[PDB]
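First, one chain by itself in structure tokens, the form deposited in one PDB entry.
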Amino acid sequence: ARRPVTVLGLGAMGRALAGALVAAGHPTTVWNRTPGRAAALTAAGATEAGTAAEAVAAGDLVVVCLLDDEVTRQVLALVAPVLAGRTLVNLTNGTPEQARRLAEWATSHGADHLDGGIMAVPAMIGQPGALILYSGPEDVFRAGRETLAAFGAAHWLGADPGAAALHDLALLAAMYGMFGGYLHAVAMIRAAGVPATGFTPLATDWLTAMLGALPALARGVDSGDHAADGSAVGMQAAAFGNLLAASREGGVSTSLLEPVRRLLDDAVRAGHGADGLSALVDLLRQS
């Protein structure tokens, strides 16, 4: 039932993942490059190993949560002789192409492969609300899905090994988008002596409602029909000029706004002024 797992990487997230597996009843074998990181985990039942090969030999599922991909692929080489017959689960973050290169390496050593992107902070691992995106052979995922649940939620995005990274990084770009907009709003609000707490209620409500617009932008993106609904790219543009002028007269930098300006203006010059926001997506694809 609770299958034996290996955790390679005893950093902040490594120790939260390993703890989560012990707290779930999985016999957890850990390993770190530097010693001294497993005292509370070993006192919970975890076994610390001295060799990375030793560790990986003690699990049918090898969770890897190292620093970058550079570290990861080095370490996994040292274990390459014993890797065959286990599933790799790289919860280390990276690019989608890196995930796709490691999938080849793994499959050339007779190891299955799953990539993951943790949408959670170490402090939430094991507890509700944690999300870890996963990508890889659907086969491999179904088998590990329950093991992986010890971390939180397991959401599979497809057999593209880079699918976890891609949704991880895209969800970051969205997050940074909203926050970027919000901090500029706050900067404008603060420039005029207006307290920030107090505006955020109104912001959340506004943004919550705006989120209901996305299913229609989704449609037009996938459809091709970039038809408007009451505010076409050309109108939205004129509105952005006031936003740039309000920021320039209150003493706030337009730096976060200037890309959005150019993408709107470029859709006007492209022929989408009477179209909807969905037509701005392939405008970001220079390929």
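Residues carry their position along the shown sequence, with the first being 1. Here the rigid core means the biggest group of C-alpha atoms that line up within 1.5 Å when the two forms are laid on top of each other.
Although it is not shown, the form deposited in another entry is what the next lines describe.
- Put simply, after the core is superposed between this form and the one not shown, 191 is the one residue in 131, 191, 149, 71 with a Cα shift of at least 2 angstroms.
- Residue 50: CA moves less than 2 Å between this form and the one not shown after rigid-core fitting.
- Superposed on the core, the two forms differ at residue 251: its CA moves 2 Å or more between this form and the one not shown.
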